[PDB]
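These notes concern the structure reproduced below.
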Amino acid sequence: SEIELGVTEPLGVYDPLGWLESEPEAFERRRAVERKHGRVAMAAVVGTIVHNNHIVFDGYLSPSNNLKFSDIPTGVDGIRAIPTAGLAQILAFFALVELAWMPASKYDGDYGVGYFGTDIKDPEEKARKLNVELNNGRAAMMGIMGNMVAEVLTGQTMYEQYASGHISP
Amino acid sequence: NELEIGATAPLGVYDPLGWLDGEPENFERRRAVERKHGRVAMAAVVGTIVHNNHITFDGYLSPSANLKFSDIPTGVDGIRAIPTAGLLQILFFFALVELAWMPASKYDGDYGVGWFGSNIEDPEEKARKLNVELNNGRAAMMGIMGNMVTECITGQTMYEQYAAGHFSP
Amino acid sequence: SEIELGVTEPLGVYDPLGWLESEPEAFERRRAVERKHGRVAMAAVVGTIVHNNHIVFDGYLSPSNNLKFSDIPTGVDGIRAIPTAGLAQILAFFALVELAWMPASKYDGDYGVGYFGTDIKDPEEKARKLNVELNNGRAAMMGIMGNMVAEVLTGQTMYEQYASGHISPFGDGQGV
Amino acid sequence: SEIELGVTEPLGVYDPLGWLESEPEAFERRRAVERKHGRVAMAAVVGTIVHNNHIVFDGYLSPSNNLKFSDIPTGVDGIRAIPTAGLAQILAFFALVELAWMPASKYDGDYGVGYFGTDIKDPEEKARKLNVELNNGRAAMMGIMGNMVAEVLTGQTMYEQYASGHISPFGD
Ligand code: CLA
Ligand code: CLA
Ligand code: CLA
Ligand SMILES: CC(=O)O[C@H]1CC(C)(C)C(=C=C/C(C)=C/C=C/C(C)=C/C=C/C=C(C)/C=C/C=C(\C)C(=O)C[C@@]23O[C@]2(C)C[C@@H](O)CC3(C)C)[C@](C)(O)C1
Ligand SMILES: CC(=O)O[C@H]1CC(C)(C)C(=C=C/C(C)=C/C=C/C(C)=C/C=C/C=C(C)/C=C/C=C(\C)C(=O)C[C@@]23O[C@]2(C)C[C@@H](O)CC3(C)C)[C@](C)(O)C1
Ligand SMILES: CC(=O)O[C@H]1CC(C)(C)C(=C=C/C(C)=C/C=C/C(C)=C/C=C/C=C(C)/C=C/C=C(\C)C(=O)C[C@@]23O[C@]2(C)C[C@@H](O)CC3(C)C)[C@](C)(O)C1
Ligand code: KC1
Ligand code: KC1
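Chains as they are written, first to last, in the numbering used here: chain P, 36 to 204; chain Z, 12 to 180; chain E, 1231 to 1406; chain C, 5 to 176.
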């Protein structure tokens, strides 16, 4: 079930707070938030690879603002370069996802999609893949803000952090 | 069970004409038309996306008629630029499809193929994917009609518009 | 079963010779020959489409004979241009495949693999794709022979026949 | 079900030393080493094919050593061209896989991944693929030795030897 989906070999039940017995009814929101934050962070980590490999959409993001796709910085100042008529489009389409299509109020996590559209019939398979989504969500949560404090402390995006050899601590 | 396949969440069963509680014996063919109109219109919306993105087949469609693939229009007049010996090859091959291979008299829908060649083996996610085929079919039937109406109103294709900025009526 | 696997809708059980009850014991090899011929002719049709689309390997087939891959004719004289030490390698590898690995004396064609490595557990779906393999094999058997006689009766490969606009029969054609 | 996983056609059970009932106790490790040596060699003959086809990573492996990916030899001396600060990075990461992530302590060879993520539930489906992993692992062990031996007995790598037409055993 859902409360043994977070455990793994090298830590087990890692509750250093002791909140699994302190707030036992609040686990199912907190699991749904940890899964939600992980799913955003894994898309954010992979997004930082693709931005900093200079893979661009080869066109104009806003011809009214004269803003090409390669006119947008890859690092922290990338979302700030998007015009406010474009951030209105992101918040409108993802209001229809987060409220109607795949509502974040649904704490189950499963939507109609499966794992690549596939329901996993074997319960030790499915719980294993559920553990990977949490663990790769946990590694990317700390990973994505290891990448944002590597830029708000240096003032240097992840491309020329590697070009100038500035990964020396 | 074909009677609850069209009914999705936000509107439920939707019958402003009341023809489910009207004639019940005409539903099996009206479902067969709605699914068939959906499948034709979904391949047409993808067709308008590929044609307006200037993805062509790199050659001559009719070297006797001196027609390159890049000479065919990408709007509603693209099908009328095809030579009459080319429209008949479309007509006679899809006579073999519509009458023999995937016979349109089969009001069931399932000819031989499934979801990428397989049954889904599971009455809840198969009914979920049957809901998606109808709902994405319904959104594309309005989508291809809206693509053709503003084609003939503006007189432009979907690449000429988005080059002039015609986004407000 | 195997006796029900070749029959589909517009013809059903189709034998003008009537050997399904004249020779009922010779059927299970004759199915395996039809399936083998179909499997061979399906790769031969896809091969002719690939050769005449000028998809070549970018190199030298035999640098000893100065023979590039693009120097090989894309028609019925393709393997007549392969050097004889090259056809020895093809015959030696498919001796290992047609006798040891996937032996052709196994008269059900069921060697190790499934349909893309999948065993189709549904018997009505497995019989459907077994019918497709036979029917696409029967269509490619007529497809490869009508491709081969159209080349030798025109003297042109399939690229040159569609370059000259020679689809119309100078001889006499028969096609769907 | 591990004593019949290497048994295939013509050889069947093959044991010229007779260790299968000289040591029926040490088979569980000895299978796990054969599977591990098979998996390492299978990713090695594929490596020699990729390197000798000049598929490189179009950049600098070590800009500190001023060394790009196309400067490394594509033969047996390619591991020596890597700087030791970089090859320390790969034994630091494969220490994490061989001890922690997929521990080679586990004599099954079985970890959370299956065959392309799927568990094969038909039992000679699964035993057919387990036989294939062993057999292609065994053929790659004899393949990666026959590549490294025939390189040093001609001095050329596999790209160099095939370009010179040095396939037939003239000097040997
Ligand atoms: C998005 C935030 C978030 C939330 C809500 C959770 C929630 C949970 N974690 Mg998870 N965890 C997270 C991120 C999160 N985690 C990250 C990023 C890692 C990698 C370090 C982990 C590593 C981890 C392990 C190994 C395990 C859990 C477990 C749990 C469950 C324990 C129940 C409980 O109440 O624990 C206490 C409550 C919390 C852990 C969440 C409270 C969030 C605090 C208040 C945030 C405080 C700010 C923080 C210090 C800032 C750090 C960022 C900075 C380093 C840059 C609970 C569902 C256990 C489990 O799932 O067992 C079934 C378990 O074994 N977590
Ligand atoms: C090919 C056209 C077509 C047909 C034959 C059907 C048939 C059906 N739909 Mg409908 N549907 C369609 C297109 C179609 N749909 C489109 C484009 C949408 C998106 C707007 C929908 C949205 C929809 C929902 C949400 C639901 C249905 C449902 C149904 C079924 C219930 C019976 C019924 O309502 O009869 C009434 C008759 C009809 C629906 C079609 C008759 C033809 C009309 C009278 C022609 C009028 C069109 C007008 C002249 C031009 C259109 C204007 C403009 C859009 C261009 C029936 C099988 C219900 C269902 O499946 O329950 C299980 C259901 O819940 N449909
Ligand atoms: C490779 C040769 C070959 C062989 C050995 C078979 C064998 C079979 N076919 Mg198949 N068939 C083939 C090719 C072949 N077929 C081709 C190319 C087509 C498409 C035209 C078909 C269309 C077909 C259908 C629709 C059906 C069969 C069926 C059968 C089975 C019925 C048993 C019987 O009495 O058949 C009769 C015996 C033979 C067919 C083998 C005799 C070979 C002849 C005498 C060789 C002479 C041909 C001649 C030179 C062709 C010249 C023209 C050509 C170059 C264009 C048997 C396994 C039936 C079935 O599977 O039911 C269980 C069935 O319904 N066949
Ligand atoms: C809504 C929908 O329909 O979805 C459907 C369809 C779909 C998409 C096909 C399905 C799927 C499968 C999916 C989504 C598979 C993808 C999963 C994903 C995206 C997994 C990333 C993990 C990243 C990690 C662990 C990073 C650690 C980060 C670390 C260790 C760092 O140090 C961060 C880093 O920055 C620094 C700090 C330092 C740099 O020197 C190094 C880098 C740059 C790394 C679904 C989900 O099943 C259902
Ligand atoms: C994961 C999942 O869901 O399962 C999947 C996988 C699975 C099971 C396989 C399924 C299937 C069915 C599939 C994929 C069927 C595809 C069939 C296919 C691909 C059929 C090609 C015909 C091309 C021909 C006959 C060429 C004719 C000949 C031609 C065009 C010519 O000779 C002319 C030409 O050549 C020259 C002479 C000169 C050139 O300059 C120009 C051209 C090229 C014009 C599913 C159900 O779909 C889904
Ligand atoms: C025959 C056969 O063998 O099939 C086999 C093999 C095969 C193919 C592998 C299998 C599969 C899977 C398939 C077919 C998956 C494909 C599904 C498909 C093709 C789904 C499109 C949806 C489009 C929508 C909802 C558009 C809305 C359009 C809207 C909302 C618009 O506004 C229209 C638009 O123009 C305007 C008006 C304004 C623009 O600003 C926006 C655009 C441009 C959009 C099968 C089916 O299982 C079995
Ligand atoms: C965690 C992220 C990460 C960073 C940020 C990072 C950085 C550098 N890598 Mg490392 N690396 C991995 C991860 C990371 N590496 C992983 C997962 C593996 C496979 C297990 C791996 C393998 C090698 C090899 C073979 C070499 C190598 C090198 C460098 C060097 C390049 C700059 C330079 O050399 O001027 C910089 C410091 C080369 C080298 O160290 O040359 C002296 C080299 O030859 N890496
Ligand atoms: C079975 C093999 C086969 C051959 C050998 C063949 C050959 C030619 N096709 Mg055809 N074709 C199909 C199959 C075959 N075609 C199929 C299955 C379809 C869709 C269902 C199809 C569609 C179209 C369309 C839309 C057009 C078309 C054309 C030509 C013409 C080149 C022009 C020329 O030589 O003058 C040559 C002879 C164009 C045309 O007819 O121009 C007057 C044209 O517009 N085709």
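Ideal Cβ placement from N, Cα and C applies to all residues, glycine included.
At least 7 Å separates the CB of residue 176 (chain Z) from every CB of chain E.
Under the DSSP assignment, residue 26 (chain C) falls in the alpha helix (DSSP H) whose first and last residues are 23-26. With contact defined as three or more Cβ pairs closer than 8 Å, the stretch 75-82 of chain P and the stretch 142-161 of chain P are not in contact. Its Cα nearest to that of residue 53 (chain Z), the residue Z:150 stands out among Z:27, Z:139, Z:69, Z:150. In the DSSP assignment, residue 95 (chain P) falls outside any alpha helix (DSSP H) and lies within the beta strand (DSSP E) extending over 95-97.
By the neighbour-count definition (other C-beta atoms within 10 Å, threshold 16), residue 153 (chain Z) is an exposed residue. In terms of Cα proximity to residue 70 (chain Z), the closest of Z:63, Z:64, Z:78 is Z:78.
In the structure shown, the three-state DSSP call for residue 9 (chain C) is coil.
Set against 6 Å, the gap from the CB of residue 1244 (chain E) to the closest heavy atom of ligand 3 is smaller. Remark: the C-beta of residue 67 (chain C) is in contact range of ligand 7, defined as less than 6 Å to any heavy atom. Closest option to residue 33 (chain C), judged by alpha-carbon separation, among C:176, C:7, C:53, C:11: C:7.
Among the CB atoms of chain C, none fall inside 7 Å of the CB of residue 1288 (chain E).
Per DSSP, the continuous alpha helix (DSSP H) segment holding residue 57 (chain P) begins and ends at 54-57. Ranked by Cα distance from residue 1328 (chain E), the options E:1341, E:1384, E:1374 are led by E:1341. Between the alpha carbons of residue 117 (chain Z) and residue 103 (chain Z) lies a gap of roughly 20 Å. Chain-order list of chain P residues neighbouring residue 123 (chain C): 157, 160, by C-beta distance under 7 Å.
Between residue 88 (chain P) and residue 193 (chain P), the C-beta gap is not smaller than 7 Å, which leaves the two residues out of contact. Residue 104 (chain C) reaches chain P at 44, 45, counting residues in chain order whose Cβ is nearer than 9 Å.
Counted as a single uninterrupted DSSP element, the stretch harbouring residue 1252 (chain E) is not any beta strand (DSSP E) but the alpha helix (DSSP H) occupying residues 1249-1252. In the three-state scheme derived from DSSP, where H, G and I count as helix and E and B as strand, residue 82 (chain P) is classed as helix. For the stretch 1337-1350 of chain E, the set of positions with a beta-carbon nearer than 7 Å to some beta-carbon of chain C reads 1342, 1349 in chain order.
For ligand 7, no non-hydrogen atom lies closer than 6 Å to the CB of residue 77 (chain C). Distance between residue 1360 (chain E) and residue 1336 (chain E), taken at the CA atoms: about 17 Å. Contact annotation: residue 162 (chain Z) and residue 58 (chain Z) have beta-carbon atoms that are not nearer than 7 Å.
Distances between the C-beta of residue 142 (chain P) and the heavy atoms of ligand 1 are all 6 Å or more. Shown in chain order are the members of the stretch 59-77 of chain C whose Cβ falls below 9 Å from a Cβ of chain P: 67, 68. Between residue 41 (chain Z) and chain P, the shortest Cβ-Cβ separation is not below 7 Å.
Listed along chain Z are 133, 136, each with a C-beta nearer than 7 Å to that of residue 154 (chain P). Scanning chain E for C-beta atoms nearer than 9 Å to the C-beta of residue 126 (chain C) yields 1349, 1351, reported in chain order. Taking 7 Å as the cut-off, the Cβ atoms of residue 1367 (chain E) and residue 1268 (chain E) count as close. Applying a distance threshold of 6 Å between residue Cβ atoms and the heavy atoms of ligand 8 selects Z:72, Z:73, Z:74, Z:75, Z:76, Z:93, Z:94, Z:96, Z:97, Z:100, Z:101, Z:104, E:1395, E:1397, given in chain order. Between the alpha carbons of residue 144 (chain C) and residue 196 (chain P) lies a gap of roughly 41 Å. In this structure, residue 1257 (chain E) and residue 1250 (chain E) form a Cβ contact; the two beta carbons are roughly 7 Å apart against a cut-off of 8 Å. For residue 72 (chain Z), the enclosing beta strand (DSSP E) covers residues 71-73. At least one CB of chain P lies nearer than 7 Å to the CB of residue 116 (chain C).
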